[PDB]
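Asker: What would the 3D arrangement of this be:
(one chain, ligands or ions: 1)
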Amino acid sequence: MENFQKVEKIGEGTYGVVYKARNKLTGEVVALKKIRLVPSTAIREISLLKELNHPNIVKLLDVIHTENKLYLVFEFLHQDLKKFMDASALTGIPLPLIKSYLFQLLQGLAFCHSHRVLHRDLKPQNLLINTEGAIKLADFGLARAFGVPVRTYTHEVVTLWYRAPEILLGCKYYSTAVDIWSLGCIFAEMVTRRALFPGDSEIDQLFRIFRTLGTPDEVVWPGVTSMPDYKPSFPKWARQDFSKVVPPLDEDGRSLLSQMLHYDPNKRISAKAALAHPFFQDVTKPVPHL
Ligand SMILES: NS(=O)(=O)c1ccc(Nc2cc(OC3CCCCC3)nc3ncnn23)cc1
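Answerer: Residues are numbered from 1 along each chain as shown. Below, you will see the structure:
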């Protein structure tokens, strides 16, 4: 900590407070995360994350494990997608910039997924943007290293809006498909300027998904009915049209979105396949206003 002069609180992250800080010796401006907790397995896992380098992954600069405490030092980025969505809500983020952002995030996912590393907790607050038009994923890999709690150290409720249905149904093992689900949710929210599934409990989250995509059954999701938290008693809603769900989105975007939101994680499109989808045929990289 003392190697760093705290500039300001960015805010309270999943695992502890996050600060903009300056490296008092190198001049480097960084995001400093204190990890609220020791454990040798978290140490070796975090150490593996140091090598997982990609232009759309927030760079982990250093792990500081001193005085039985853990700090992570990241590349600093000045804005998150939530702030940027809020800032541009009168008109929406332009479609070419949505496409650029989705394309870059899928490249980041594809890279981490090829190394068997998952995010598990994608959300506008951990998608970070710069002035060169780049978008980057923050906190990749941390969930496996430390977990995902219900509440933060500060009692802020962790959001369920981007949680994949297999998680809500009590899947014990997560696949890369959970990140594709979240990213699809974020894609829809960029387009409509409304969260897709703003649940405020697990059942509310599940039943919001169900009311939009239809209650899943054995037809669309082989094995759904034997999942831990599946209840035969769930109401059986019918699916709605994507035309009604994400209106302005064109037929390519709707078609991609549909594949990122398949119930069965095995049927859900991979980041690699999604990058080849016709939706990206005219992708470009605009500069955002910021
Ligand atoms: N002003 S802002 O748009 O809210 C914003 C958002 C994000 C940052 N930077 C940030 C934030 C961050 O974690 C966030 C997660 C959500 C709670 C606040 C900390 N991790 C990071 N790694 C590199 N930059 N960085 C700075 C400002």
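Asker: For the most centrally placed residue in the chain, which residues are in contact?
Answerer: Geometric centre of the chain, nearest residue: residue 122, 1.3 Å, by CA atoms, centre = their mean. Contacts for residue 122 (CB atoms under 8 Å, 6 or more residues apart in numbering) come out as 137, 162, 179, 182-183, 186. Any C-beta I mention is one placed from the backbone N, CA and C, and that applies to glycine too.
Asker: again, only this time at 6 Å
Answerer: 162, 179, 182-183 (CB atoms under 6 Å, 6 or more residues apart in numbering).
Asker: Pick the one among those residues closest to residue 72.
Answerer: Closest approach to residue 72 among the contacts of residue 122 (CB to CB): residue 179, at 20.0 Å.
Asker: The one helix or strand the closest one maps to packs against which elements?
Answerer: Secondary structure from DSSP states H and E places residue 179 in helix 177-192. Contacts defined by 3 or more CB pairs under 6 Å, 6 or more residues apart in numbering; DSSP states H and E place helix 177-192 against helix 95-114, helix 251-260.
Asker: Could you export these to a markdown table, including columns for mean neighbour count?
Answerer: Shown next, in a markdown table, are those (neighbours: other CB atoms under 10 Å):
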| stretch | mean neighbour count |
| --- | --- |
| helix 95-114 | 21 |
| helix 251-260 | 18 |
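Asker: circling back: how much space is there between the residue nearest to the centre of the chain and residue 35?
Answerer: 19 Å (CB to CB, to the nearest Å).
Asker: One more: residue 246?
Answerer: 37 Å.
Asker: what's the closest residue to residue 177 other than its chain neighbours in contact with, if anything?
Answerer: Excluding the flanking residues, the one nearest residue 177 by CB to CB, 6 or more residues apart in numbering is residue 265, at 3.6 Å. For residue 265, the contact set (CB under 6 Å, 6+ apart) comprises 166, 175, 177.
Asker: Could you look up the SS state of residue 265?
Answerer: coil (DSSP: H, G, I helix; E, B strand; the rest coil).
Asker: who touches stretch 232-244?
Answerer: By CB under 6 Å, 6+ apart, stretch 232-244 touches 210-215, 254, 258.
Asker: which of the contacts of residue 122 sit farthest apart?
Answerer: 162 and 179 (9.4 Å).
Asker: Looking at these two, which is more packed in?
Answerer: Neighbour totals were compared for residue 162 and residue 179, and residue 179 leads with 29 against 23 (other CB atoms under 10 Å).
Asker: burial measure for the nearest residue to that one once chain neighbours are set aside, as a count.
Answerer: Closest residue to residue 179 apart from its sequence neighbours, by CB to CB, 6+ apart: residue 119 at 4.9 Å. Neighbour count for residue 119, taken as other CB under 10 Å: 27.
Asker: Kindly report the same for the one 5 residues further on.
Answerer: Here the number of neighbours of residue 124 (other CB under 10 Å) works out to 21.
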